[PDB]
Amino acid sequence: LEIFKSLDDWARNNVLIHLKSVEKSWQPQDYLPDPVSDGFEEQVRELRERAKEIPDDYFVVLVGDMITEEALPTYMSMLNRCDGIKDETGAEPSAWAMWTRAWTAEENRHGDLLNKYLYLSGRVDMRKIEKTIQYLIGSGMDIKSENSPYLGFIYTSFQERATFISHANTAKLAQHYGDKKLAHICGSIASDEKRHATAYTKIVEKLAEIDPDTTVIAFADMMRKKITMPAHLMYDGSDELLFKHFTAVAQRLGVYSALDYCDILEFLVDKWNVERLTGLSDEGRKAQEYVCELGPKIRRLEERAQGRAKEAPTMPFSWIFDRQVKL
């Protein structure tokens, strides 16, 4: 508790440095048709022509990702549940509160940009997406970080890397289908995530230095709970298994898979020097061995899962007018 107050100066010098000043930040308008341009109408027209060459399954993944981004208020609330770092007034001048608010401000651009791209595309049912967003924010999320900044920051380090990987992959696909402007959208959001992930990972690195036992134990606890996706409760008013189905599509398309999850786990183990730690408590060594260790186990389970996998299985999605895509 006092550790985070004692780390305030450190955070100003080591965490806040990863924020881009508002003056130097990209904005959604940089990547959208310019509504004051004499060419606005043509720019929208061109966006729509490019979108016609993008298949439905990519739009399912892109919409799921946009909906996740749009639930931002949920995520700021999560960070603000964490003892030691939470903003106690809404304007607290602590390094930690300044970070939460500025991170949230950067994140807000992601949902904005993807929303308007999707709106202009004409390839998706915006009303059904809007319904899904309302259900999602109403449902919240249950990632089990409790009131722990250890859990919160470990979870966020993991999940920002996951979204970085997802967006980079989505950019690659956008470029594949001939849509450079959508590739740039995904690339810009991905660059935010790389930076955010680096910042959160740095915080946990410092915590591991000051208290290796508490940190490794929290890492193991989070991994046992599993890194639950932020929009795990998504629902559109018709598909009670919407998240499972969206996730299946995202996997098949190569945007995000169980193997990426394993890669992130092993990345963080390395970055926090978890395998190389020594002089831990009995509980600490148990946690160390568990996380070390978990990666290869999940990778083998995934390999066996792929081995026994039967043929999917096409599914309607309200987001694309009940048109069907392969699971």
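A residue's number is simply how far along the shown sequence it sits, counting from 1.
Exercise. Taking the mean of the C-alpha B-factors per stretch from the entry, tell me the winner out of 303-311 and 20-28.
Key: Taking the mean C-alpha B-factor of 303-311 and of 20-28, the larger value falls to 303-311.
Quiz item: Is the Cα B-factor recorded for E41 in the lowest, middle or highest third of its chain?
Solution: Answer is highest: the recorded C-alpha B-factor places it there.
Quiz item: In terms of the chain's CA B-factor thirds, is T68 lowest, middle or highest?
Solution: Tercile = middle for this residue's CA B-factor.
Quiz item: Going by what the PDB entry lists, where does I54 fall on CA B-factor within its chain: lowest, middle or highest third?
Solution: Its C-alpha B-factor, which the entry lists for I54, ranks in the middle third among residues of this chain.
Quiz item: So where's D260 on the chain's Cα temperature factor ranking, which third?
Solution: It falls in the middle third of the chain.
Practice problem: Within this chain's modelled residues, let me know which third the CA B factor of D282 belongs to: lowest, middle or highest. | Solution: Answer is highest: the recorded C-alpha B-factor places it there.
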